[PDB]
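*Asks:* Provided herewith: start.csv, CSV, N, CA and C atoms.
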```csv
chain,number,residue,atom,x,y,z
A,1,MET,N,128.8,114.9,100.0
A,1,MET,CA,127.7,115.4,99.1
A,1,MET,C,126.5,114.4,99.0
A,2,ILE,N,126.6,113.2,98.4
A,2,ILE,CA,125.5,112.3,98.2
A,2,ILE,C,125.7,110.9,98.8
A,3,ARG,N,124.6,110.2,99.1
A,3,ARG,CA,124.5,108.8,99.6
A,3,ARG,C,123.2,108.2,98.9
A,4,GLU,N,123.4,107.2,98.0
A,4,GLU,CA,122.3,106.9,97.0
A,4,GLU,C,120.9,106.6,97.6
A,5,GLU,N,120.9,105.9,98.8
A,5,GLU,CA,119.7,105.7,99.6
A,5,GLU,C,118.8,106.9,99.8
A,6,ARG,N,119.3,108.1,99.8
A,6,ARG,CA,118.6,109.4,99.8
A,6,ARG,C,118.0,109.8,98.5
A,7,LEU,N,118.7,109.6,97.4
A,7,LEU,CA,118.2,109.9,96.0
A,7,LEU,C,117.0,109.0,95.7
A,8,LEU,N,117.1,107.7,96.0
A,8,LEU,CA,116.1,106.7,95.9
A,8,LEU,C,114.8,107.0,96.7
A,9,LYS,N,114.9,107.9,97.8
A,9,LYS,CA,113.8,108.3,98.6
A,9,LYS,C,113.3,109.7,98.4
A,10,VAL,N,114.1,110.6,97.8
A,10,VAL,CA,113.8,112.0,97.6
A,10,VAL,C,112.7,112.2,96.6
A,11,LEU,N,112.6,111.3,95.6
A,11,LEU,CA,111.4,111.2,94.7
A,11,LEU,C,110.4,110.2,95.2
A,12,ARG,N,109.1,110.4,95.1
A,12,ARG,CA,108.0,109.6,95.6
A,12,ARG,C,107.0,109.2,94.5
A,13,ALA,N,106.8,110.0,93.5
A,13,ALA,CA,106.0,109.6,92.3
A,13,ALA,C,106.2,110.7,91.2
A,14,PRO,N,105.9,110.3,89.9
A,14,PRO,CA,105.5,111.3,89.0
A,14,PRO,C,104.1,111.9,89.3
A,15,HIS,N,103.7,113.0,88.7
A,15,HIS,CA,102.4,113.6,89.0
A,15,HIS,C,101.8,114.1,87.7
A,16,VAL,N,100.6,113.6,87.5
A,16,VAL,CA,99.7,113.9,86.3
A,16,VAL,C,98.5,114.8,86.7
A,17,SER,N,98.4,116.0,86.1
A,17,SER,CA,97.4,117.0,86.5
A,17,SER,C,97.2,118.2,85.5
A,18,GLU,N,97.0,117.8,84.2
A,18,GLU,CA,96.8,118.7,83.0
A,18,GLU,C,97.8,119.8,82.7
A,19,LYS,N,98.0,120.7,83.7
A,19,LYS,CA,99.2,121.6,83.7
A,19,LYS,C,100.5,120.9,83.7
A,20,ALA,N,100.5,119.6,84.2
A,20,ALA,CA,101.7,118.7,84.1
A,20,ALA,C,101.9,118.3,82.7
A,21,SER,N,100.9,118.1,81.9
A,21,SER,CA,101.0,117.8,80.5
A,21,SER,C,101.5,119.0,79.7
A,22,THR,N,100.8,120.2,79.9
A,22,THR,CA,101.3,121.5,79.3
A,22,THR,C,102.6,122.0,79.8
A,23,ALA,N,103.1,121.5,81.0
A,23,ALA,CA,104.5,121.8,81.4
A,23,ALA,C,105.5,121.1,80.5
A,24,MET,N,105.2,119.9,80.0
A,24,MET,CA,106.1,119.1,79.1
A,24,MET,C,106.0,119.7,77.6
A,25,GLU,N,104.8,119.6,77.0
A,25,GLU,CA,104.7,119.9,75.6
A,25,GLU,C,104.9,121.3,75.2
A,26,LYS,N,104.9,122.3,76.1
A,26,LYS,CA,105.1,123.7,75.9
A,26,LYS,C,106.5,124.2,76.4
A,27,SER,N,106.9,123.6,77.5
A,27,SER,CA,107.9,124.3,78.4
A,27,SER,C,109.0,123.3,79.0
A,28,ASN,N,109.3,122.2,78.3
A,28,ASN,CA,110.3,121.2,78.7
A,28,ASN,C,110.5,120.9,80.2
A,29,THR,N,109.3,120.8,80.9
A,29,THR,CA,109.3,120.7,82.4
A,29,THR,C,108.4,119.6,82.8
A,30,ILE,N,109.0,118.7,83.7
A,30,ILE,CA,108.3,117.6,84.3
A,30,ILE,C,107.9,117.9,85.8
A,31,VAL,N,106.7,117.3,86.2
A,31,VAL,CA,106.1,117.6,87.5
A,31,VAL,C,106.1,116.3,88.4
A,32,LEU,N,106.8,116.4,89.6
A,32,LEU,CA,107.0,115.3,90.5
A,32,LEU,C,106.4,115.5,91.9
A,33,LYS,N,106.2,114.4,92.5
A,33,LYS,CA,105.9,114.2,93.9
A,33,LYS,C,107.2,113.8,94.6
A,34,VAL,N,107.7,114.7,95.4
A,34,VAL,CA,109.0,114.5,96.1
A,34,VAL,C,108.8,114.4,97.7
A,35,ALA,N,109.9,114.1,98.4
A,35,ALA,CA,109.9,114.0,99.8
A,35,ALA,C,109.3,115.2,100.6
A,36,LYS,N,108.8,115.0,101.8
A,36,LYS,CA,108.1,116.1,102.6
A,36,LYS,C,109.1,117.1,103.1
A,37,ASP,N,110.4,116.7,103.2
A,37,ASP,CA,111.5,117.7,103.3
A,37,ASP,C,112.0,118.0,101.9
A,38,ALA,N,112.9,117.1,101.3
A,38,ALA,CA,113.7,117.3,100.2
A,38,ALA,C,114.5,118.7,100.2
A,39,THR,N,115.2,119.0,99.1
A,39,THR,CA,115.6,120.4,98.8
A,39,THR,C,115.9,120.4,97.3
A,40,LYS,N,115.8,121.6,96.6
A,40,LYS,CA,115.9,121.7,95.1
A,40,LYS,C,117.2,121.1,94.6
A,41,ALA,N,118.3,121.2,95.4
A,41,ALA,CA,119.6,120.6,95.0
A,41,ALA,C,119.6,119.1,95.0
A,42,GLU,N,118.9,118.4,96.0
A,42,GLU,CA,118.7,117.0,96.0
A,42,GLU,C,117.7,116.5,94.9
A,43,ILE,N,116.7,117.3,94.6
A,43,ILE,CA,115.7,116.9,93.6
A,43,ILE,C,116.3,116.9,92.2
A,44,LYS,N,117.2,117.9,91.9
A,44,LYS,CA,118.0,117.9,90.7
A,44,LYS,C,119.0,116.7,90.7
A,45,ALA,N,119.7,116.4,91.8
A,45,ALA,CA,120.6,115.3,91.9
A,45,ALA,C,119.9,113.9,91.6
A,46,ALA,N,118.7,113.7,92.2
A,46,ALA,CA,117.9,112.5,92.0
A,46,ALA,C,117.5,112.4,90.5
A,47,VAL,N,116.9,113.4,89.9
A,47,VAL,CA,116.5,113.3,88.4
A,47,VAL,C,117.7,113.1,87.5
A,48,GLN,N,118.7,113.9,87.6
A,48,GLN,CA,119.9,113.8,86.7
A,48,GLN,C,120.6,112.4,86.8
A,49,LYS,N,120.4,111.6,87.8
A,49,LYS,CA,121.0,110.3,87.9
A,49,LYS,C,120.0,109.1,87.6
A,50,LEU,N,118.8,109.2,88.1
A,50,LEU,CA,117.8,108.1,87.9
A,50,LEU,C,117.3,108.1,86.4
A,51,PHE,N,117.1,109.3,85.9
A,51,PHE,CA,116.5,109.6,84.5
A,51,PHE,C,117.5,110.0,83.5
A,52,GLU,N,118.8,110.1,83.8
A,52,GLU,CA,120.0,110.3,82.9
A,52,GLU,C,119.9,111.6,82.1
A,53,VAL,N,119.0,112.6,82.5
A,53,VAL,CA,118.8,113.9,81.7
A,53,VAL,C,119.5,115.0,82.4
A,54,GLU,N,120.0,116.1,81.7
A,54,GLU,CA,120.4,117.3,82.3
A,54,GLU,C,119.2,118.1,82.8
A,55,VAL,N,119.3,118.8,83.9
A,55,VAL,CA,118.3,119.7,84.5
A,55,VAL,C,118.8,121.1,84.5
A,56,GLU,N,117.9,122.0,84.2
A,56,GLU,CA,118.1,123.5,84.1
A,56,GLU,C,117.9,124.2,85.5
A,57,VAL,N,116.6,124.0,86.0
A,57,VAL,CA,116.2,124.6,87.3
A,57,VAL,C,115.1,123.7,87.9
A,58,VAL,N,115.0,123.7,89.3
A,58,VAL,CA,113.8,123.1,90.0
A,58,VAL,C,113.1,124.1,90.9
A,59,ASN,N,111.8,124.3,90.7
A,59,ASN,CA,110.9,125.1,91.5
A,59,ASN,C,109.9,124.2,92.3
A,60,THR,N,109.6,124.5,93.5
A,60,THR,CA,108.8,123.7,94.4
A,60,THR,C,107.6,124.5,95.0
A,61,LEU,N,106.5,123.8,95.4
A,61,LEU,CA,105.4,124.3,96.1
A,61,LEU,C,104.6,123.1,96.8
A,62,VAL,N,103.5,123.4,97.6
A,62,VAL,CA,102.8,122.5,98.4
A,62,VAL,C,101.3,122.6,98.3
A,63,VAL,N,100.6,121.4,98.3
A,63,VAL,CA,99.1,121.3,98.2
A,63,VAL,C,98.3,121.9,99.3
A,64,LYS,N,98.9,122.2,100.5
A,64,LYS,CA,98.2,122.6,101.7
A,64,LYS,C,97.1,121.7,102.2
A,65,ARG,N,97.4,120.4,102.3
A,65,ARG,CA,96.5,119.3,102.7
A,65,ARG,C,97.1,118.6,103.9
A,66,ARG,N,96.4,117.8,104.7
A,66,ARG,CA,96.9,117.2,106.0
A,66,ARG,C,98.3,116.6,105.9
A,67,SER,N,98.6,115.9,104.8
A,67,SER,CA,99.9,115.3,104.5
A,67,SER,C,101.0,116.2,103.9
A,68,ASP,N,100.6,117.4,103.6
A,68,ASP,CA,101.4,118.5,103.2
A,68,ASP,C,102.4,118.2,102.1
A,69,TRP,N,101.8,117.8,100.9
A,69,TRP,CA,102.5,117.2,99.8
A,69,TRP,C,103.3,118.2,99.0
A,70,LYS,N,104.6,118.0,98.8
A,70,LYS,CA,105.6,118.8,98.0
A,70,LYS,C,105.7,118.4,96.6
A,71,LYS,N,105.2,119.3,95.7
A,71,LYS,CA,105.3,119.3,94.2
A,71,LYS,C,106.7,119.9,93.8
A,72,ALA,N,107.3,119.3,92.8
A,72,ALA,CA,108.5,119.9,92.1
A,72,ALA,C,108.3,120.0,90.6
A,73,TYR,N,108.6,121.2,90.1
A,73,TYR,CA,108.7,121.5,88.6
A,73,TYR,C,110.1,121.4,88.3
A,74,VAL,N,110.6,120.3,87.7
A,74,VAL,CA,112.0,120.1,87.2
A,74,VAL,C,112.0,120.4,85.7
A,75,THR,N,112.7,121.5,85.4
A,75,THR,CA,112.9,121.9,84.0
A,75,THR,C,114.1,121.2,83.4
A,76,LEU,N,114.0,120.6,82.3
A,76,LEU,CA,115.0,119.9,81.5
A,76,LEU,C,115.7,120.9,80.5
A,77,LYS,N,116.6,120.4,79.7
A,77,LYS,CA,117.4,121.3,78.8
A,77,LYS,C,116.7,121.4,77.4
A,78,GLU,N,116.7,120.4,76.6
A,78,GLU,CA,116.2,120.4,75.2
A,78,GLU,C,115.5,119.1,74.7
A,79,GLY,N,116.2,118.0,75.0
A,79,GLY,CA,115.7,116.6,74.7
A,79,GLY,C,115.6,115.9,76.0
A,80,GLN,N,114.7,114.9,76.0
A,80,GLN,CA,114.4,114.1,77.2
A,80,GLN,C,114.0,112.6,76.8
A,81,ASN,N,114.1,111.7,77.8
A,81,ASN,CA,113.6,110.4,77.6
A,81,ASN,C,112.1,110.3,77.9
A,82,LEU,N,111.7,110.5,79.2
A,82,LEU,CA,110.4,110.5,79.7
A,82,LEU,C,110.2,111.6,80.8
```
Output the file's structure as structure tokens, nothing else.
*Replies:*
Amino acid sequence: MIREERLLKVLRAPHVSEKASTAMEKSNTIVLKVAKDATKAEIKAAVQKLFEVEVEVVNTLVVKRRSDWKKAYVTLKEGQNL
């Protein structure tokens, strides 16, 4: 299933973009910069271990720019740290 060196690389940054603020304060959901491959199953596995929170669902999309950057919307349960 997992090898930790991959979880440490599957996430690349947090992402701040106004709808990223409204994703949290309205809809218990955090917005991330993830690997150019990744997959939703790995993105959930990375957040649930690095950030110690339960995850409900992960949805993904891309900026359509030269570096083809993968955004992830990770929805949490009820309470969160950051």
*Asks:* In Å to one decimal, how far is atom CA of residue A:28 from atom CA of residue A:75?
*Replies:*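 About the pair atom CA of residue A:75 and atom CA of residue A:28: they are 5.9 Å apart.
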*Asks:* For residue A:30, which of A:16, A:61, A:46, A:11 is the closest residue, counting only C-alpha atoms?
*Replies:* A:16
*Asks:* Quick one: pull the distance between atom C of residue A:14 and atom C of residue A:68, Å, one decimal.
*Replies:*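 About the pair atom C of residue A:14 and atom C of residue A:68: they are 14.4 Å apart.
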*Asks:* Could you please determine the separation between atom N of residue A:65 and atom CA of residue A:32 in Å, to one decimal place?
*Replies:*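 Atom-to-atom, atom N of residue A:65 to atom CA of residue A:32, that is 16.0 Å.
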*Asks:* Select, from A:71, A:25, A:52, A:64, the residue with the minimum atom-to-atom distance to residue A:10, counting only C-alpha atoms.
*Replies:*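 When distances to residue A:10 are compared using only C-alpha atoms, the smallest one comes from A:71.
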*Asks:* Please identify which residues in chain A DSSP calls strand (DSSP E or B) from the backbone, and express them as a ChimeraX atom specification.
*Replies:* /A:11-14,29-34,55-62,70-76
*Asks:* Write a file of the just-selected residues containing N, CA and C atoms, as an mmCIF file, keeping the file's coordinate frame.
*Replies:*
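In the end it all went to result_2.cif:
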```cif
data_model
loop_
_atom_site.group_PDB
_atom_site.id
_atom_site.type_symbol
_atom_site.label_atom_id
_atom_site.label_comp_id
_atom_site.auth_asym_id
_atom_site.auth_seq_id
_atom_site.Cartn_x
_atom_site.Cartn_y
_atom_site.Cartn_z
ATOM 1 N N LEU A 11 112.600 111.300 95.600
ATOM 2 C CA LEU A 11 111.400 111.200 94.700
ATOM 3 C C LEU A 11 110.400 110.200 95.200
ATOM 4 N N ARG A 12 109.100 110.400 95.100
ATOM 5 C CA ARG A 12 108.000 109.600 95.600
ATOM 6 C C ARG A 12 107.000 109.200 94.500
ATOM 7 N N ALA A 13 106.800 110.000 93.500
ATOM 8 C CA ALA A 13 106.000 109.600 92.300
ATOM 9 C C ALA A 13 106.200 110.700 91.200
ATOM 10 N N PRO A 14 105.900 110.300 89.900
ATOM 11 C CA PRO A 14 105.500 111.300 89.000
ATOM 12 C C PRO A 14 104.100 111.900 89.300
ATOM 13 N N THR A 29 109.300 120.800 80.900
ATOM 14 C CA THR A 29 109.300 120.700 82.400
ATOM 15 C C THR A 29 108.400 119.600 82.800
ATOM 16 N N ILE A 30 109.000 118.700 83.700
ATOM 17 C CA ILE A 30 108.300 117.600 84.300
ATOM 18 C C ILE A 30 107.900 117.900 85.800
ATOM 19 N N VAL A 31 106.700 117.300 86.200
ATOM 20 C CA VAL A 31 106.100 117.600 87.500
ATOM 21 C C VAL A 31 106.100 116.300 88.400
ATOM 22 N N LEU A 32 106.800 116.400 89.600
ATOM 23 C CA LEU A 32 107.000 115.300 90.500
ATOM 24 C C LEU A 32 106.400 115.500 91.900
ATOM 25 N N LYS A 33 106.200 114.400 92.500
ATOM 26 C CA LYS A 33 105.900 114.200 93.900
ATOM 27 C C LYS A 33 107.200 113.800 94.600
ATOM 28 N N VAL A 34 107.700 114.700 95.400
ATOM 29 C CA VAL A 34 109.000 114.500 96.100
ATOM 30 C C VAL A 34 108.800 114.400 97.700
ATOM 31 N N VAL A 55 119.300 118.800 83.900
ATOM 32 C CA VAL A 55 118.300 119.700 84.500
ATOM 33 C C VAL A 55 118.800 121.100 84.500
ATOM 34 N N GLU A 56 117.900 122.000 84.200
ATOM 35 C CA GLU A 56 118.100 123.500 84.100
ATOM 36 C C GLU A 56 117.900 124.200 85.500
ATOM 37 N N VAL A 57 116.600 124.000 86.000
ATOM 38 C CA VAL A 57 116.200 124.600 87.300
ATOM 39 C C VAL A 57 115.100 123.700 87.900
ATOM 40 N N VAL A 58 115.000 123.700 89.300
ATOM 41 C CA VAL A 58 113.800 123.100 90.000
ATOM 42 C C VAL A 58 113.100 124.100 90.900
ATOM 43 N N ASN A 59 111.800 124.300 90.700
ATOM 44 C CA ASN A 59 110.900 125.100 91.500
ATOM 45 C C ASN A 59 109.900 124.200 92.300
ATOM 46 N N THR A 60 109.600 124.500 93.500
ATOM 47 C CA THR A 60 108.800 123.700 94.400
ATOM 48 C C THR A 60 107.600 124.500 95.000
ATOM 49 N N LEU A 61 106.500 123.800 95.400
ATOM 50 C CA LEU A 61 105.400 124.300 96.100
ATOM 51 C C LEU A 61 104.600 123.100 96.800
ATOM 52 N N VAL A 62 103.500 123.400 97.600
ATOM 53 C CA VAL A 62 102.800 122.500 98.400
ATOM 54 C C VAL A 62 101.300 122.600 98.300
ATOM 55 N N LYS A 70 104.600 118.000 98.800
ATOM 56 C CA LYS A 70 105.600 118.800 98.000
ATOM 57 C C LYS A 70 105.700 118.400 96.600
ATOM 58 N N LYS A 71 105.200 119.300 95.700
ATOM 59 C CA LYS A 71 105.300 119.300 94.200
ATOM 60 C C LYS A 71 106.700 119.900 93.800
ATOM 61 N N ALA A 72 107.300 119.300 92.800
ATOM 62 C CA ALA A 72 108.500 119.900 92.100
ATOM 63 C C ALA A 72 108.300 120.000 90.600
ATOM 64 N N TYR A 73 108.600 121.200 90.100
ATOM 65 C CA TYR A 73 108.700 121.500 88.600
ATOM 66 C C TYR A 73 110.100 121.400 88.300
ATOM 67 N N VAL A 74 110.600 120.300 87.700
ATOM 68 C CA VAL A 74 112.000 120.100 87.200
ATOM 69 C C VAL A 74 112.000 120.400 85.700
ATOM 70 N N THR A 75 112.700 121.500 85.400
ATOM 71 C CA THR A 75 112.900 121.900 84.000
ATOM 72 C C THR A 75 114.100 121.200 83.400
ATOM 73 N N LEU A 76 114.000 120.600 82.300
ATOM 74 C CA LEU A 76 115.000 119.900 81.500
ATOM 75 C C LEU A 76 115.700 120.900 80.500
#
```
*Asks:* Considering only C-alpha atoms, state which residue in the set A:7, A:23, A:34, A:1 is at the smallest distance from residue A:69.
*Replies:* A:34
*Asks:* Counting all atoms listed in the file, what is within 8 Å of stretch 37-41 of chain A, bar same-chain residues fewer than 4 positions away, as a ChimeraX atom specification?
*Replies:* /A:9-11,45-46,57-60,70
*Asks:* Can you write just those residues out, N, CA and C atoms, as a tab-separated table (two decimals), in the frame of the given file?
*Replies:*
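Once everything was written out, this is selection-v2.tsv:
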```tsv
chain	number	residue	atom	x	y	z
A	9	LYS	N	114.90	107.90	97.80
A	9	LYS	CA	113.80	108.30	98.60
A	9	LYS	C	113.30	109.70	98.40
A	10	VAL	N	114.10	110.60	97.80
A	10	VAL	CA	113.80	112.00	97.60
A	10	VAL	C	112.70	112.20	96.60
A	11	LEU	N	112.60	111.30	95.60
A	11	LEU	CA	111.40	111.20	94.70
A	11	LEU	C	110.40	110.20	95.20
A	45	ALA	N	119.70	116.40	91.80
A	45	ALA	CA	120.60	115.30	91.90
A	45	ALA	C	119.90	113.90	91.60
A	46	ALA	N	118.70	113.70	92.20
A	46	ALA	CA	117.90	112.50	92.00
A	46	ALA	C	117.50	112.40	90.50
A	57	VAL	N	116.60	124.00	86.00
A	57	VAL	CA	116.20	124.60	87.30
A	57	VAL	C	115.10	123.70	87.90
A	58	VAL	N	115.00	123.70	89.30
A	58	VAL	CA	113.80	123.10	90.00
A	58	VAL	C	113.10	124.10	90.90
A	59	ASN	N	111.80	124.30	90.70
A	59	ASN	CA	110.90	125.10	91.50
A	59	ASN	C	109.90	124.20	92.30
A	60	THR	N	109.60	124.50	93.50
A	60	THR	CA	108.80	123.70	94.40
A	60	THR	C	107.60	124.50	95.00
A	70	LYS	N	104.60	118.00	98.80
A	70	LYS	CA	105.60	118.80	98.00
A	70	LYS	C	105.70	118.40	96.60
```
*Asks:* If we count all atoms listed in the file and set the cut-off at 6.5 Å, which residues sit around residue A:55, ignoring sequence neighbours fewer than 2 positions away in its own chain? Please answer as a PyMOL selection string.
*Replies:* chain A and resi 44+48+53+57+74-77
